[PDB]
> 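Before anything else, here's the structure in question.
Below, chains carry the letters A, B, ... as their sequence lines are ordered, and counting in each starts from 1. No hydrogens, no waters, no symmetry mates; every other heavy atom, side chains included, goes into these values.
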Amino acid sequence: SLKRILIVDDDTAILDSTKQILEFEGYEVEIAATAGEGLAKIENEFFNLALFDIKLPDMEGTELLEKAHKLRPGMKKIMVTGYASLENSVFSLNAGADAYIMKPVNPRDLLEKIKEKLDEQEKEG
Amino acid sequence: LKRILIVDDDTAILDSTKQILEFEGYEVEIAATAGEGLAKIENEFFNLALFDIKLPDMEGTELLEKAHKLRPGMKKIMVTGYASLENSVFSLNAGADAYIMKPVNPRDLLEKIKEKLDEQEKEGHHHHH
Ligand code: NA
Ligand code: NA
Ligand code: NA
Ligand code: NA
C-alpha cells in the first residue's frame, strides 16, 4: 500500500528532518547513514524511491547509485547533494539517476519532486 | 532496424558518426540545427537521438525538453564539447538518458546506444504486459 522511500545521508540531522517530513506526508521511510548500509537495505527491502547524498563516508553516492540501479532499475533515484560537480552530475545521469537536487532543498520542493517521480513510476508500470 | 537521429551543427561530426552507426547496422538521419532536428522528430520515427548542446538556433537543453514532449519514449543522449554543471544537471532532470563529453570514443558511444536501446525494449515490454 504505502509508498516506501530510502534516505541515504551521513548527516543524521538531515536523516531525521527528512524522515519527519516524508512520514508526515504519509510515506513509509527507512534511513541509512552510510552507502554500505543503504546498499544492504536496497538488496533486502523493496523501495519505490531513494534519496542519495553524494559525499558519503565509505564510498561516493555515485557508486551507490550505480549499484542500486543495477539491482533495482525500476526504483526511482534522486541525488541530493551539497557537493555538486560536473563530474558527479554527468556520472549520476549515466548511472541512472532520475533527478538531481542541490542542498539546501526546501520541504515543499523535495515533496513535489518525489511525487512527480512516483507518478512517473506508476505510469511506467 | 533501430533508427537514430544525430543533431549537431558540426557537419564533420554528423558525417563521421553517421558512417560509424550505419556500419553497426543502424538507420541514421542527421540534422544540423535544433529546428531541423525537431522537424525530423515530429515527422519520422527514431528509437534514439544524439543532441549537441551548443546549437546555433537554440540550446540543446531546450531541444531536449521539446523533443521529450514530442516523443517521451525516444531515448536521448547529449553529446557535447561544452559540458557544464548547469547543463548536465538540467539534462539529467529534463530526462536525458546518457551524456557524453567530446571528443567521443566510438566504442563508448556504441555501448551507450546499445544499452539505452536494450532498456527501451524492456520498457516497452513492461508498458505492454
Ligand atoms: Na555527506
Ligand atoms: Na528507473
Ligand atoms: Na534518468
Ligand atoms: Na555546436
> Can you check whether chain A and chain B share any donor-acceptor pairs under 3.5 Å, and give the atom names and distances if they do?
unit_1	atom_1	unit_2	atom_2	d
B:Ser88	OG	A:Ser89	OG	2.7
B:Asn93	OD1	A:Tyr100	N	2.8
B:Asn93	ND2	A:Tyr100	O	3.1
B:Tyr99	N	A:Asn94	OD1	2.9
B:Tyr99	O	A:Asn94	ND2	3.0
B:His126	ND1	A:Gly125	O	3.1

> Linking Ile, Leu, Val, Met, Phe, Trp and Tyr by side-chain heavy atoms under 4.5 Å, what else ends up with B:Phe90?
none

> Can you see which heavy atom on A:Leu93 is nearest to which on B:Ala96, and at what distance?
CD2-O, 3.8 Å

> Quick one: of B:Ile100, B:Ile77, B:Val89, who has the most non-hydrogen atom pairs under 4.5 Å with chain A?
B:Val89

> Answer with side chain, backbone, both or neither: which region of A:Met102 has an atom nearer than 4.5 Å to a non-hydrogen atom of chain B?
side chain

> Grouping I, L, V, M, F, W and Y whenever their side-chain heavy atoms are under 4.5 Å apart, do B:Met78 and B:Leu117 come out in a common cluster?
no

> Establish whether A:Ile54 and A:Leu51 are linked, either directly or via other cluster members, by ILVMFWY side-chain heavy-atom contacts under 4.5 Å.
no

> Is it true that A:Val8 and A:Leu110 fall in one hydrophobic cluster, defined by side-chain heavy atoms closer than 4.5 Å?
no

> Return the set of residues passing side chain to side chain contact (heavy atoms under 4.5 Å, CB included) with A:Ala50 (not counting sequence neighbours), or none when no residue passes.
A:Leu6, A:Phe52, A:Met75

> Is it the case that more than 12 heavy atoms not belonging to B:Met58 sit under 6.0 Å from its CE atom?
yes

> Answer yes if A:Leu49 and A:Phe47 sit in the same cluster of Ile, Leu, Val, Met, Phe, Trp and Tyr residues linked by side chain heavy atoms under 4.5 Å apart, and no otherwise.
no

